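Working notes, beginning with the structure itself.
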Amino acid sequence: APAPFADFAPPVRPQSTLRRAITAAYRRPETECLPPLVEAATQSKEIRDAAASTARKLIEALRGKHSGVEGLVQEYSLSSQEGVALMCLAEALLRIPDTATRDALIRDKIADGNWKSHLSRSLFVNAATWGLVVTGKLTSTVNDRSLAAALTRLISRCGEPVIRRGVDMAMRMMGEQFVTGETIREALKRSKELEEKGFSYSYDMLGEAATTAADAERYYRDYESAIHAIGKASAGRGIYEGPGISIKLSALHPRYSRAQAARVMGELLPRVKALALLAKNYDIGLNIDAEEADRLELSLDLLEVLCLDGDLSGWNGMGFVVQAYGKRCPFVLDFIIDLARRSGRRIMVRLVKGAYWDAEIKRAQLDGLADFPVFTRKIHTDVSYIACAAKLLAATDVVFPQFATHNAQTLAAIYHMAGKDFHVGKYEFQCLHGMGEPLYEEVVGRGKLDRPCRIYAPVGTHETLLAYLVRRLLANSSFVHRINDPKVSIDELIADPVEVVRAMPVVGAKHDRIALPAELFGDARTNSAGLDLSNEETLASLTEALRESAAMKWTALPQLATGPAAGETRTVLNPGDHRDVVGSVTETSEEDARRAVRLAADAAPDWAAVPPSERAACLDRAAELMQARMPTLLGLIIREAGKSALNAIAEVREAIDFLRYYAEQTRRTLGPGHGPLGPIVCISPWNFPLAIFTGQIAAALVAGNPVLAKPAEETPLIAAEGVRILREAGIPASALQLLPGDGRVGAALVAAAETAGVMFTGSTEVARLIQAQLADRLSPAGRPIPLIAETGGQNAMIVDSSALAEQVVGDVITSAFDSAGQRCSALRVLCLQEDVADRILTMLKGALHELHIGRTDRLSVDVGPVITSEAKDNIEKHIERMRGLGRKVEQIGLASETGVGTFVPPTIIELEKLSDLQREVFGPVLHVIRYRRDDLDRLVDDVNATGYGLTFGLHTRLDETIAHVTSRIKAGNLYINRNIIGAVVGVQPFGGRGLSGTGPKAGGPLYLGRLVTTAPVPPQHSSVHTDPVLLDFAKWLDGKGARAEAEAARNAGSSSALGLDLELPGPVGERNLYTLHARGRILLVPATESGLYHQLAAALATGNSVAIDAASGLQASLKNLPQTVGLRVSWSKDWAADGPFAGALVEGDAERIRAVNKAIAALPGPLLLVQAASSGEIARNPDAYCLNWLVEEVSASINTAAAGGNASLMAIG
Amino acid sequence: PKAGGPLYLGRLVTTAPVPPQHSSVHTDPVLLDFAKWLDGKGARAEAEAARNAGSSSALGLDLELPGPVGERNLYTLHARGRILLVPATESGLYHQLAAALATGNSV
Amino acid sequence: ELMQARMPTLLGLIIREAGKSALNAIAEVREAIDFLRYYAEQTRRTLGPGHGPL
Ligand SMILES: Cc1cc2nc3c(=O)[nH]c(=O)nc-3n(C[C@H](O)[C@H](O)[C@H](O)COP(=O)(O)OP(=O)(O)OC[C@H]3O[C@@H](n4cnc5c(N)ncnc54)[C@H](O)[C@@H]3O)c2cc1C
Ligand SMILES: NC(=O)c1ccc[n+]([C@@H]2O[C@H](COP(=O)([O-])OP(=O)(O)OC[C@H]3O[C@@H](n4cnc5c(N)ncnc54)[C@H](O)[C@@H]3O)[C@@H](O)[C@H]2O)c1
Ligand SMILES: COc1ccc(CO)cc1
Ligand SMILES: COc1ccc(CO)cc1
Ligand SMILES: [Mg+2]
């Protein structure tokens, strides 16, 4: 058996001094980065004046010669939406290959009227891109109804002439501006004109982010074929005068990442070498483009091997991009310059600012990292660029600097920095095709500055160029935007960033409007911190901490208030390798479980008397302890629960966030009148063995309740460690007792007489057993024992033909197979619109086969084991039933090493109907169904019809589809254009409805209120909206003479928070919404007319319909209802026939309540959140029925960066 | 339609244009249920007309109109209310229902 | 444009014929001007050959 973590994440090579200096700068505070850059970028006053004069001259020439789309908009008086819609139409018309066929469709069909009749795919799929072209603004989703109206309007107003102009404009832009040509041969033909003027070219075949082996092979052969064409055309001109190629490493391997570094070196490197050998033979440049920040250092390992490879010697065409917006840039340059010296290769170094700025900000915030790997003020990037240019210009004997910029100030500064001694081959400038030529036509040539410029020339079809055109077009801080803004003076454009930064009060301060990841929530609480698994220092330190964690003697014992108790002891084995003993658990006898509840009951007053602020301080101290102990906690979670390192980090972060969130919610709400329930039994699942465990216990404790913590039998060790941390943080032993063991221990705790509440997260079937146990029980006040039961899902994602396949596949692979599908939120049913289903399925299967399944103590493992052999057997029985029915089943092949553990390969099962699924299958099993677009509403019904309602995803660019689907789906956590596994505490408050939960949501503001006898008013919890049926009922009550009930009804209408609609603070590039809706149909079990009126008021005020128990005999109390109220009212003689219900209100004495609670628990389907009150309580207490539990929380997380950029961050420079 | 509003001119021609800004992303849910019912019974042309009406309806439009500072001037499209339907044929009734339901009305 | 330039004269007629104060006569003429310009602009935004008159 291999030692745990002995091969966790070894670096490709030992890190040299120069490499270590790169890693050390990865997230260096911005105030530390800038001073040396300012120093290196400083030039003499004479140079700065000459640079400003040159920049002004260039800018004056630019503004003096400065429209195609603008001219079209002007000529036809188009609104912006009309312009966008026209270009979308033109794009669609250009998908018709034959010109005569297109023109006939235009003249005879499109112009004459209904364009919709002649053009499965919305015309407006790419409207966000065309919106950027027309308006300069990015909108993440497309208002397809506005665009359709605008297209109809413009065609009916202007006819064929405007369509013709739009088609011709789109053809020119997509064929000649956004690309140099559609094919390398066309691009080469079009390059002769500017080559004759002194420009050169680097061709970009536009490949990027391979998702499958086949994609990577396609991009390879595209690069190889382009190299031949470019090399034939170069015809011996060499690497400086002649054209070259640019490649992206992500195009050449589907798993280009540090986590897969061994595959990258073994599989990607030979492909680059083969392309480089061909470039060498033709003597052309081959440049490696720079991508995301977490790929920088990995790419250096390839650059190192290639430059040291003797087979490539004699050729100086290898090139490499460095991004000056990155904090590591000067250190990367030091490394490259030294590599060039060692290898004797004159590396072509393209200095750029960087293309992924918005995404880098979002990623660092999502990952909770210490700082950004890029600057946050645009001027810092400018200074970085100029400083790095000074470094490169001192090294022209050993590297060939290539200054890629469209900024005339940047250009002029470097032109003068480089001085008057010039020869071709010393350095060059670079620019983008169809963007930089106006500037560089003022640079290239003896009559200008006599400096060469290489044009970066995209080559590809319409489909290829549109894929990432949004990123290429992206902002208010951009020079090209500012040059076209008449409000920006030339003096502003020639401002010297070096001197501006030098004079700032704090040199290098972070942008004021960009939150560090730790500060995402501002004053409310400190965000949990993650770990950067692309940072070699982090990987090396984590390796040691993980190894050290595997040497610890982890145990879990029955920790009663009186001390550890004896019991049956057994080992805890790693699910990925049963030979790896992780620790030992001593399980709780049912007698000691009952004893623990009695001890908790005796201890309840002493814990309730700890003021809420001090209880919250215990939670905050526990969060600090968990944060500090994260590396050790990761190792335990990895080995005990089959989690990968990434998933263990998320697990610990979630626990920290629960602690800090419930602490803050406590400080916002809890006072002397919110008395604790008493002893709370917290029963938790194995699959989030620290986060959910900690969340339930922390909430119960901070609400003033002593806790009996019963962790899942599979994962007691991390639970014991969480309890140890909470106790260290100040939770007394009497307030927090750990009771390891199986469901018998949970059941014994639930049945214990002093148990005052139950928090259960687990399977729906077990929750139903607990519901049955509790139906026997009443509190000493004669009321139901509160149960929070957060249960399973049958989670769907709907994908339409406007979604980007690569994005869908990434989110599907993550949502379905992360943690081997052992997340309650995991994607179970992918629903693909028929027109795109085959393409997406092919890509998905290709991506599936790139996953590494194995024991999770290796960073390269993507999918770990299932938790037990029983879980494996259950999942495999489902897979085989499906296979036996003829369903197509795609499965990864498992390595022989998996035999020592319990693994199920990620599996894709193609289904006929959603009804082919019965219950949740908690494993790595994705089901795929196809749907026709017109059946989308029926499909949403089918998703709802399972009775589950946990997570739901939708991938579409179309606002109409978003509005339709999100208004009709019934699930607690919705996700738009992203994965469906988000449960970021306080950002996506998590929890579902139906068979998926009773609520309230964990990680949301209603949670703590369920754990006290009188619920506080949560922060932000109110609504100005009044349910109109409630209002009609109140008027009906007054007309009946029920004056006090009418007043109570009006009060309920005001007190209801139905209609609350909030945006929760979170990361950039996402909108996280939280809304309160009706629950559905509430079962009313009244005893008296006044009780019925109060129950109906409560239910109607919260937007619900009702089914009233017909056995109450109260039919005559509801005569002559207004039709609006009658529509919401039904009478039920057989409650089981008239469900599912979404809650219940009960009136009666204690024994009536007990009997009704038993009858309600017997109803099929979802657990019902029941509220009961006596008739006297209804008379005495206006809040006898709490409106908090009569609404349903919905969280929706929208990825607003999905179109390729962040609109809001375009204004942050 | 309202004088001084964007629907007015369309009443004065025999085929109404699509007014500026006249659209809505919202689809009436009863319209949606009606279209599913039509498809269930095989009325394919009518179900298509129903879906098309659901999309072209501007019910739910909710705009702020440009005006003076210190004022918010809002313009919204709601259902008319209850529409009297006087059909002659089954298909005609289905088309009338589609139009009325798509615009949020009862009939 | 003509109503705008002739507003003072039009005001005088409205004041005397319809019993309006000067401020409300101004509002009357402004509203007429705005109708003219609004329906002109709405026309430029919408009307094409297939929108035949009644
Ligand atoms: C020929 C060529 C090849 C290129 N190849 C690559 C490549 O392989 N990889 C890559 O990542 N980029 C590459 N780029 C650069 C990238 O695509 C942009 O074109 C470039 O960053 C724009 O810089 P500028 O001098 O043209 O414009 P400017 O207007 O001077 O600078 C804009 C840049 O400033 C930066 N920026 C904007 N806001 C902020 C902020 N708030 N804080 C910090 N920085 C900010 C960004 O880098 C932004 O792109 C290339 C550019 C060219 C011209
Ligand atoms: N809605 C959510 O937030 C959420 C979160 C995580 C997991 N889940 C669900 O949890 C399930 C997986 O976790 P699991 O396998 O540990 O679930 P489970 O239902 O098997 O076990 C959950 C817990 O209940 C205990 N238990 C078992 N039988 C009991 C009984 N008769 N009485 C009292 N307690 C009993 C177990 O010991 C364990 O502690 C999945 O169905 C998943 O969807 C839901
Ligand atoms: C548009 O200029 C770019 C060239 C290459 C890259 C590689 O990421 C990005 C931008
Ligand atoms: C609708 O035309 C109007 C003209 C003037 C006023 C102000 O009196 C109001 C309306
Ligand atoms: Mg179980």
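Chain labels run A, B, ... following the order of the structure tokens; each chain numbers its residues from 1, and ligands are numbered from 1 in the order shown.
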Residues of chain C near chain B: apply a cut-off of 8 Å, count only C-alpha atoms, and supply the list as a ChimeraX atom specification.
-> /C:35,38-39,42-43,45-47,50-54
Take the residues just selected and output them with N, CA, C and O atoms as a CSV table (one decimal), in the first residue's frame.
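The resulting file, again_31.csv, is shown below:
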chain,number,residue,atom,x,y,z
C,35,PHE,N,-47.2,66.8,-28.9
C,35,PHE,CA,-47.9,65.8,-29.7
C,35,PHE,C,-47.3,65.7,-31.1
C,35,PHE,O,-47.1,64.6,-31.6
C,38,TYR,N,-43.8,64.2,-31.0
C,38,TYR,CA,-43.8,62.8,-30.5
C,38,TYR,C,-44.4,61.9,-31.6
C,38,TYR,O,-43.8,60.9,-31.9
C,39,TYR,N,-45.5,62.3,-32.2
C,39,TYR,CA,-46.0,61.4,-33.3
C,39,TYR,C,-45.1,61.4,-34.5
C,39,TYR,O,-45.0,60.4,-35.2
C,42,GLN,N,-42.4,59.0,-33.4
C,42,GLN,CA,-42.9,57.6,-33.4
C,42,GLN,C,-43.1,57.1,-34.8
C,42,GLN,O,-42.9,55.9,-35.1
C,43,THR,N,-43.6,58.0,-35.7
C,43,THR,CA,-43.7,57.6,-37.1
C,43,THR,C,-42.3,57.2,-37.7
C,43,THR,O,-42.2,56.2,-38.3
C,45,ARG,N,-39.9,56.0,-36.2
C,45,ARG,CA,-39.4,54.8,-35.6
C,45,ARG,C,-40.2,53.6,-36.2
C,45,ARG,O,-39.7,52.4,-36.0
C,46,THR,N,-41.4,53.8,-36.8
C,46,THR,CA,-42.2,52.6,-37.0
C,46,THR,C,-42.8,52.4,-38.4
C,46,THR,O,-42.8,51.3,-38.9
C,47,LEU,N,-43.3,53.5,-39.0
C,47,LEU,CA,-44.2,53.3,-40.2
C,47,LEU,C,-43.4,52.9,-41.4
C,47,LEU,O,-42.5,53.7,-41.8
C,50,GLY,N,-46.0,48.6,-45.4
C,50,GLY,CA,-47.0,47.7,-45.1
C,50,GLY,C,-48.0,48.2,-44.0
C,50,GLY,O,-48.9,47.5,-43.6
C,51,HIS,N,-47.8,49.4,-43.5
C,51,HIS,CA,-48.7,49.9,-42.5
C,51,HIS,C,-49.6,51.0,-43.2
C,51,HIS,O,-49.4,52.2,-43.1
C,52,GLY,N,-50.6,50.4,-43.9
C,52,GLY,CA,-51.4,51.3,-44.7
C,52,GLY,C,-52.4,52.1,-43.9
C,52,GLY,O,-52.8,51.6,-42.8
C,53,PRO,N,-52.8,53.2,-44.3
C,53,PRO,CA,-53.7,54.1,-43.6
C,53,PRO,C,-55.1,53.5,-43.6
C,53,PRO,O,-55.5,52.7,-44.5
C,54,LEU,N,-55.9,53.9,-42.7
C,54,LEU,CA,-57.3,53.5,-42.7
C,54,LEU,C,-58.1,54.2,-43.8
C,54,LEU,O,-59.0,53.6,-44.5
Counting only C-alpha atoms, chain A residues within 9 Å of chain C, as a PyMOL selection string | chain A and resi 77-79+153-159
Taking N, CA and C atoms for each residue, export the selection above as a short mmCIF file (atom, residue, chain, number, x, y, z; two decimals), in the first residue's frame.
data_model
loop_
_atom_site.label_atom_id
_atom_site.label_comp_id
_atom_site.auth_asym_id
_atom_site.auth_seq_id
_atom_site.Cartn_x
_atom_site.Cartn_y
_atom_site.Cartn_z
N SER A 77 -31.51 55.03 -39.24
CA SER A 77 -32.09 55.53 -37.99
C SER A 77 -32.41 54.38 -37.05
N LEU A 78 -31.47 53.46 -36.91
CA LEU A 78 -31.67 52.29 -36.08
C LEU A 78 -31.47 52.64 -34.62
N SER A 79 -32.34 52.11 -33.78
CA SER A 79 -32.03 52.07 -32.36
C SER A 79 -30.91 51.06 -32.12
N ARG A 153 -39.56 45.38 -36.44
CA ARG A 153 -39.78 46.80 -36.67
C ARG A 153 -38.88 47.32 -37.77
N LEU A 154 -37.60 46.96 -37.73
CA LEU A 154 -36.68 47.54 -38.69
C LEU A 154 -36.93 46.98 -40.09
N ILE A 155 -37.28 45.70 -40.17
CA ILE A 155 -37.55 45.12 -41.49
C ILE A 155 -38.82 45.72 -42.06
N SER A 156 -39.86 45.86 -41.24
CA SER A 156 -41.10 46.42 -41.74
C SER A 156 -40.94 47.89 -42.09
N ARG A 157 -40.00 48.57 -41.47
CA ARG A 157 -39.81 49.98 -41.78
C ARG A 157 -38.91 50.17 -42.99
N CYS A 158 -37.83 49.39 -43.09
CA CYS A 158 -36.78 49.66 -44.06
C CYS A 158 -36.57 48.57 -45.10
N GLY A 159 -37.11 47.37 -44.89
CA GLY A 159 -37.13 46.38 -45.95
C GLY A 159 -35.78 45.81 -46.36
#
Residues within 8 Å of ligand 3, counting only C-alpha atoms and all ligand atoms, as a list in words |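 If we count only C-alpha atoms and all ligand atoms, the neighbours of ligand 3 turn out to be residues 204, 246, 248, 289, 290, 291, 292, 354, 355, 356, 432, 456, 471, 472 and 473 of chain A.
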Export N, CA, C and O atoms of the chosen residues as a PDB file, in the first residue's frame?
ATOM      1  N   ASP A 204      -3.013  33.293 -35.647  1.00  0.00           N
ATOM      2  CA  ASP A 204      -3.700  32.633 -34.546  1.00  0.00           C
ATOM      3  C   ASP A 204      -4.857  31.835 -35.127  1.00  0.00           C
ATOM      4  O   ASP A 204      -5.850  32.418 -35.581  1.00  0.00           O
ATOM      5  N   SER A 246       1.091  31.568 -33.628  1.00  0.00           N
ATOM      6  CA  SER A 246       0.869  31.592 -32.192  1.00  0.00           C
ATOM      7  C   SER A 246      -0.023  30.422 -31.827  1.00  0.00           C
ATOM      8  O   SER A 246      -0.985  30.122 -32.545  1.00  0.00           O
ATOM      9  N   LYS A 248      -1.934  28.199 -28.369  1.00  0.00           N
ATOM     10  CA  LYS A 248      -2.326  28.164 -26.971  1.00  0.00           C
ATOM     11  C   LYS A 248      -2.177  26.747 -26.464  1.00  0.00           C
ATOM     12  O   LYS A 248      -2.695  25.803 -27.068  1.00  0.00           O
ATOM     13  N   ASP A 289       1.123  31.560 -26.537  1.00  0.00           N
ATOM     14  CA  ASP A 289       0.298  32.604 -25.945  1.00  0.00           C
ATOM     15  C   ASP A 289       0.119  32.341 -24.452  1.00  0.00           C
ATOM     16  O   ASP A 289       0.182  31.203 -23.992  1.00  0.00           O
ATOM     17  N   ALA A 290      -0.070  33.412 -23.686  1.00  0.00           N
ATOM     18  CA  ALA A 290      -0.260  33.293 -22.246  1.00  0.00           C
ATOM     19  C   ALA A 290      -1.742  33.273 -21.914  1.00  0.00           C
ATOM     20  O   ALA A 290      -2.534  34.036 -22.477  1.00  0.00           O
ATOM     21  N   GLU A 291      -2.099  32.417 -20.966  1.00  0.00           N
ATOM     22  CA  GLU A 291      -3.505  32.211 -20.647  1.00  0.00           C
ATOM     23  C   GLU A 291      -3.787  32.599 -19.202  1.00  0.00           C
ATOM     24  O   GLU A 291      -3.299  33.631 -18.741  1.00  0.00           O
ATOM     25  N   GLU A 292      -4.551  31.787 -18.482  1.00  0.00           N
ATOM     26  CA  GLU A 292      -4.913  32.136 -17.118  1.00  0.00           C
ATOM     27  C   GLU A 292      -3.698  32.108 -16.201  1.00  0.00           C
ATOM     28  O   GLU A 292      -2.690  31.435 -16.449  1.00  0.00           O
ATOM     29  N   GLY A 354      -2.487  41.838 -20.707  1.00  0.00           N
ATOM     30  CA  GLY A 354      -3.124  40.589 -20.316  1.00  0.00           C
ATOM     31  C   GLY A 354      -4.606  40.620 -20.634  1.00  0.00           C
ATOM     32  O   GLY A 354      -5.261  41.650 -20.553  1.00  0.00           O
ATOM     33  N   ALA A 355      -5.149  39.444 -20.966  1.00  0.00           N
ATOM     34  CA  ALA A 355      -6.476  39.356 -21.566  1.00  0.00           C
ATOM     35  C   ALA A 355      -7.564  38.824 -20.643  1.00  0.00           C
ATOM     36  O   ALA A 355      -8.731  38.784 -21.055  1.00  0.00           O
ATOM     37  N   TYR A 356      -7.234  38.398 -19.429  1.00  0.00           N
ATOM     38  CA  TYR A 356      -8.173  37.672 -18.583  1.00  0.00           C
ATOM     39  C   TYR A 356      -8.454  38.411 -17.282  1.00  0.00           C
ATOM     40  O   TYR A 356      -8.786  37.776 -16.282  1.00  0.00           O
ATOM     41  N   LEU A 432      -2.888  43.869 -32.889  1.00  0.00           N
ATOM     42  CA  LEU A 432      -3.921  42.952 -33.335  1.00  0.00           C
ATOM     43  C   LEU A 432      -4.457  43.381 -34.693  1.00  0.00           C
ATOM     44  O   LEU A 432      -4.660  44.572 -34.947  1.00  0.00           O
ATOM     45  N   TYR A 456      -0.900  40.343 -35.077  1.00  0.00           N
ATOM     46  CA  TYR A 456      -1.483  39.097 -34.600  1.00  0.00           C
ATOM     47  C   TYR A 456      -2.786  38.891 -35.356  1.00  0.00           C
ATOM     48  O   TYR A 456      -3.707  39.716 -35.263  1.00  0.00           O
ATOM     49  N   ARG A 471     -14.181  38.427 -25.184  1.00  0.00           N
ATOM     50  CA  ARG A 471     -12.920  38.712 -24.502  1.00  0.00           C
ATOM     51  C   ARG A 471     -12.026  39.612 -25.349  1.00  0.00           C
ATOM     52  O   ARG A 471     -11.401  40.544 -24.829  1.00  0.00           O
ATOM     53  N   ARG A 472     -11.981  39.366 -26.662  1.00  0.00           N
ATOM     54  CA  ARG A 472     -11.094  40.129 -27.533  1.00  0.00           C
ATOM     55  C   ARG A 472     -11.524  41.586 -27.625  1.00  0.00           C
ATOM     56  O   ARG A 472     -10.677  42.484 -27.680  1.00  0.00           O
ATOM     57  N   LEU A 473     -12.838  41.838 -27.633  1.00  0.00           N
ATOM     58  CA  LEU A 473     -13.333  43.206 -27.761  1.00  0.00           C
ATOM     59  C   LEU A 473     -13.087  44.014 -26.489  1.00  0.00           C
ATOM     60  O   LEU A 473     -12.755  45.205 -26.558  1.00  0.00           O
TER      61      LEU A 473
END
For chain A against chain B, with a cut-off of 9 Å and counting only C-alpha atoms, what is the closest atom pair and its distance in Å to one decimal for every residue that makes the cut, ordered by chain and number, as JSON lines?
{"residue": "A:79", "atom": "CA", "partner": "B:20", "partner_atom": "CA", "distance": 8.8}
{"residue": "A:81", "atom": "CA", "partner": "B:21", "partner_atom": "CA", "distance": 9.0}
{"residue": "A:143", "atom": "CA", "partner": "B:25", "partner_atom": "CA", "distance": 7.1}
{"residue": "A:144", "atom": "CA", "partner": "B:25", "partner_atom": "CA", "distance": 7.7}
{"residue": "A:145", "atom": "CA", "partner": "B:23", "partner_atom": "CA", "distance": 5.8}
{"residue": "A:146", "atom": "CA", "partner": "B:23", "partner_atom": "CA", "distance": 5.4}
{"residue": "A:147", "atom": "CA", "partner": "B:23", "partner_atom": "CA", "distance": 8.7}
{"residue": "A:148", "atom": "CA", "partner": "B:23", "partner_atom": "CA", "distance": 8.5}
{"residue": "A:149", "atom": "CA", "partner": "B:18", "partner_atom": "CA", "distance": 6.3}
{"residue": "A:150", "atom": "CA", "partner": "B:20", "partner_atom": "CA", "distance": 7.6}
{"residue": "A:152", "atom": "CA", "partner": "B:18", "partner_atom": "CA", "distance": 7.1}
{"residue": "A:153", "atom": "CA", "partner": "B:18", "partner_atom": "CA", "distance": 5.5}
{"residue": "A:156", "atom": "CA", "partner": "B:17", "partner_atom": "CA", "distance": 7.8}
{"residue": "A:157", "atom": "CA", "partner": "B:17", "partner_atom": "CA", "distance": 8.7}
{"residue": "A:934", "atom": "CA", "partner": "B:51", "partner_atom": "CA", "distance": 8.2}
{"residue": "A:935", "atom": "CA", "partner": "B:36", "partner_atom": "CA", "distance": 8.0}
{"residue": "A:937", "atom": "CA", "partner": "B:32", "partner_atom": "CA", "distance": 7.2}
{"residue": "A:938", "atom": "CA", "partner": "B:36", "partner_atom": "CA", "distance": 7.2}
{"residue": "A:959", "atom": "CA", "partner": "B:25", "partner_atom": "CA", "distance": 6.2}
{"residue": "A:960", "atom": "CA", "partner": "B:25", "partner_atom": "CA", "distance": 4.6}
{"residue": "A:961", "atom": "CA", "partner": "B:25", "partner_atom": "CA", "distance": 8.1}
{"residue": "A:962", "atom": "CA", "partner": "B:25", "partner_atom": "CA", "distance": 8.7}
{"residue": "A:963", "atom": "CA", "partner": "B:26", "partner_atom": "CA", "distance": 6.2}
{"residue": "A:964", "atom": "CA", "partner": "B:27", "partner_atom": "CA", "distance": 6.4}
{"residue": "A:967", "atom": "CA", "partner": "B:29", "partner_atom": "CA", "distance": 8.9}
{"residue": "A:968", "atom": "CA", "partner": "B:29", "partner_atom": "CA", "distance": 8.2}
Ligand 4: which residues are within 12 Å, counting only C-alpha atoms and all ligand atoms, as a ChimeraX atom specification?
-> /B:2-5 /C:11,14-15,18-35
Selection near segment 827-840 of chain A, 6 Å with only C-alpha atoms, sequence-local residues under 4 positions removed, as a count of residues only | 19
Rounded to one decimal place, report the atom CA of residue 497 of chain A-atom CA of residue 520 of chain A distance in Å.
-> 29.1 Å
